[PDB]
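Chemist: starting from these lines, generate the structure:
(one chain, ligands or ions: 1)
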Amino acid sequence: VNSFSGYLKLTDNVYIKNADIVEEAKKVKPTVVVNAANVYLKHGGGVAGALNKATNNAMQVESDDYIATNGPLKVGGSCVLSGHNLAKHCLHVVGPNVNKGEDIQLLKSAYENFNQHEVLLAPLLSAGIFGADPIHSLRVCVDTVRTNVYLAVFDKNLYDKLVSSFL
Ligand SMILES: O=C(O)[C@H]1C[C@H](O)CN1c1ncnc2[nH]ccc12
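Modeler: Residues are numbered from 1 along each chain as shown. Dropping the coordinates below:
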């Protein structure tokens, strides 16, 4: 039993809700919140810009030190950093950004990072400003993640479409 509330159960391990991931994290304080990161951990817009703003830019400060030490992530890769005031940890995961020409096949590799964590609060990778089809992202999530994932979909219209079209 965990403290997530109001989610629709899609499969044995995937749950979905129309919610602002920032407000959800603040309420639940999950062990792991997933950020929709880029390889430079430059948290400018979308989910990443929103999470970082909620940390008063502390996420960006920590991220800049991470990059200065380690260099950029790989597309499809991840790193674990602090969750600041939002969660214990933040798993920064880089899905392919179609608006950059990146291979959508890397979306499965991106979701594989979730399997290293027993429970996560997450967005749909590569959706929104990353330019992929969210219906496809949800399908890859369900077919790749085996740990317990609580998906927050900001757009209510999109949430309704994601639910109605789920196979
Ligand atoms: O449009 C949406 O609903 C999704 C898809 C996109 O990739 C990011 N976005 C979000 N999802 C959940 N919480 C969020 N807080 C701020 C933005 C946001």
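Chemist: secondary structure element for residue 81?
Modeler: Residue 81 is part of strand 78-82, with elements assigned from DSSP states H and E.
Chemist: ok, residue 59 next?
Modeler: helix 58-70.
Chemist: restricting to C-alpha, output stretch 1-8 in PDB.
Modeler: C-alpha atoms of stretch 1-8 as PDB (Å, rounded to 0.1, in the frame of the first residue of the first chain):
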ATOM      1  CA  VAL A   1       0.000   0.000   0.000                       C
ATOM      2  CA  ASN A   2       1.200   3.500  -0.900                       C
ATOM      3  CA  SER A   3      -0.100   7.000  -0.700                       C
ATOM      4  CA  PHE A   4      -1.000   7.600  -4.400                       C
ATOM      5  CA  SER A   5      -4.700   8.500  -4.800                       C
ATOM      6  CA  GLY A   6      -7.200   8.800  -7.600                       C
ATOM      7  CA  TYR A   7      -5.300   6.800 -10.200                       C
ATOM      8  CA  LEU A   8      -6.900   4.600 -12.900                       C
END
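Chemist: contacts for it?
Modeler: Residues from elsewhere that reach stretch 1-8 (Cβ atoms under 8 Å, 6 or more residues apart in numbering): 15-17, 19, 28, 30, 119, 121, 148, 150, 163. All C-beta spots, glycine's among them, are computed from the backbone N, C-alpha and C.
Chemist: report the buried members of the residues you listed.
Modeler: In those, burial by neighbour count holds for 15-17, 19, 28, 30, 121, 148, 150, counting by 16 or more other Cβ atoms under 10 Å.
Chemist: restrict these to those near the ligand?
Modeler: The subset of those lying close to the ligand, counting by Cβ under 6 Å from any ligand atom, is empty.
Chemist: what pairs with residue 120 across the strands?
Modeler: residue 149 (DSSP bridges).
Chemist: adjust the sequence numbering to begin at 26 for everything that follows.
Modeler: All set: I'll call the first residue 26, so the last point we hit is now residue 145.
Chemist: wait, isn't it in contact with residue 175?
Modeler: Yes - if you go by Cβ atoms under 8 Å, residue 145 and residue 175 touch, sitting 6.9 Å apart.
Chemist: where do the strands sit along this structure?
Modeler: Ranges of strands in the chain, per DSSP state E, are 33-34, 39-43, 57-61, 103-107, 114-118, 144-147, 173-178.
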